[PDB]
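Below: one structure, written as structure tokens.
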Amino acid sequence: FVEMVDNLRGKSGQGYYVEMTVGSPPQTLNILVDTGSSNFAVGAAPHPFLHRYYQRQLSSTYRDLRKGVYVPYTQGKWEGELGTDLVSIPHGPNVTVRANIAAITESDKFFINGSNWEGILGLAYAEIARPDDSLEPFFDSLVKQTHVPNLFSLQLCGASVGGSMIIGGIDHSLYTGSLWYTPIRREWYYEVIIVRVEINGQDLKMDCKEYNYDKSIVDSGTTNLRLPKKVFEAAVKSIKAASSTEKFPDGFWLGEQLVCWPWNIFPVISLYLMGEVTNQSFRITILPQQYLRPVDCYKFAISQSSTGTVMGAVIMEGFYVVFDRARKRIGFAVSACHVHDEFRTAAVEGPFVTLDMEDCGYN
Ligand SMILES: NC1=N[C@@]2(CO1)c1cc(-c3cccnc3F)ccc1Oc1cnc(-c3ccnc(F)c3)cc12
């Protein structure tokens, strides 16, 4: 997998992208890597923000599905035209597959002014694909048409960012210690169940259903750790208390302003995840180095949500994350590239005894 190491690039706050090719002869595009959606969709028209776009007229292997797709999502929208073509990943496995591609022909607040990617690779499951679950996601096509094992793993390393997407396996050099696995509750988003939350080792003591109201997901396409309102409330309260050596405005905690300079006054955040065995859990712990984001000034990168918990880049940059689709589980291990100090490091630890973990899931 050496060839796949360092195959991700990005700019801070604009996501991680991987190089891909589409069509024959191959047209190179940079594509945003997104575990929180399920369509492969690429710019297909000369939008001013784009370095380049898919030109279907130049591809002998393009096939028109003669169907449109309309995709509003919470912070933007794209619309396009469905087709298939040959797709490969130059710094991925040595294969070429026929995949569904949505040629993006209209959009709003989707492309980022100044970014270096031209499309999105939705790595989640068919249940949330648009227009419906009959549009086979890219990764499903890749596994169906090749011998690539049904898993991928992400090391997001965090100004220009970098990382690794290991397609079809695990690179043990990218983590320390052991992987710990939590079940994929349902194959739609990469849905997981958080069974306990601590701030500096202090239990928030909420009914655990609240932690997963209405879901908890692992999402490379979200920057922040997003928490449901009631839990964000309780977590900010405890983090405020833990960091009371210095005072900050109410706006800072709501993302509305920055603060400038101090690590040790800020508490660690621990999420206990449902384990593989009955009544067994493990915990992942991140640092302020993960949830205080550079813009030395910083932004509070934990925010409230109405769509449930989102373990975005703030969580994922602490860990090597294994999307073990074959066994319906997600692995976490301490990342060999995460940012820390001489006093504290991100951790993955277990086993712990946790009862009633099935009650933590929302129905
Ligand atoms: N996980 C996630 N993916 C985003 C929103 O959150 C998305 C994120 C970004 C984005 C922006 C900044 C930094 N990182 C990113 F991934 C850009 C476009 C974008 O575009 C999207 C387009 N469609 C979806 C989508 C559509 C239908 N069902 C879904 F579940 C998700 C999601 C997204």
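To be explicit about the labels: the chains of the structure tokens are called A, B, and onward in the order shown, and within each one the residues are counted from 1, while ligands get numbers from 1 in the order they are shown.
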Please write out the residues within 9 Å of ligand 1 as an MDAnalysis selection string, counting only C-alpha atoms and all ligand atoms. chainID A and resid 11:17 32:39 41 71:78 109:112 119:120 122 124 128:130 188:189 218:223 310 312:313
Looking only at alpha helix (DSSP H) from DSSP on the backbone, list the matching residues of range 96-327 of chain A as a ChimeraX atom specification. /A:138-145,229-242,250-253,288-291,313-316
Nearby residues (only C-alpha atoms) at most 7 Å from residue 63 in chain A, same-chain spacing under 6 positions excluded, as a PyMOL selection string: chain A and resi 83-85
Requested write-out: N, CA and C atoms of the selected residues, as an mmCIF file, in the first residue's frame:
data_model
loop_
_atom_site.group_PDB
_atom_site.id
_atom_site.type_symbol
_atom_site.label_atom_id
_atom_site.label_comp_id
_atom_site.auth_asym_id
_atom_site.auth_seq_id
_atom_site.Cartn_x
_atom_site.Cartn_y
_atom_site.Cartn_z
ATOM 1 N N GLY A 83 -24.597 9.489 -15.871
ATOM 2 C CA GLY A 83 -23.981 8.669 -16.899
ATOM 3 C C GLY A 83 -23.063 7.661 -16.233
ATOM 4 N N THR A 84 -22.395 6.848 -17.047
ATOM 5 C CA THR A 84 -21.307 5.991 -16.585
ATOM 6 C C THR A 84 -20.066 6.231 -17.422
ATOM 7 N N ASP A 85 -18.915 5.923 -16.843
ATOM 8 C CA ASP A 85 -17.669 5.971 -17.561
ATOM 9 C C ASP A 85 -16.613 5.178 -16.797
#
Going by DSSP on the backbone, which residues of range 183-322 of chain A come out as strand (DSSP E or B)? List them as a ChimeraX atom specification. /A:183,187,190-192,194-199,202-203,216-218,225-228,259-260,269-274,280-286,292-294,297-300,302-305,309-311,319-322
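Ranking A:285, A:7, A:243, A:309 by their shortest atom-to-atom distance to residue 162 in chain A, with only C-alpha atoms included, puts A:7 first.
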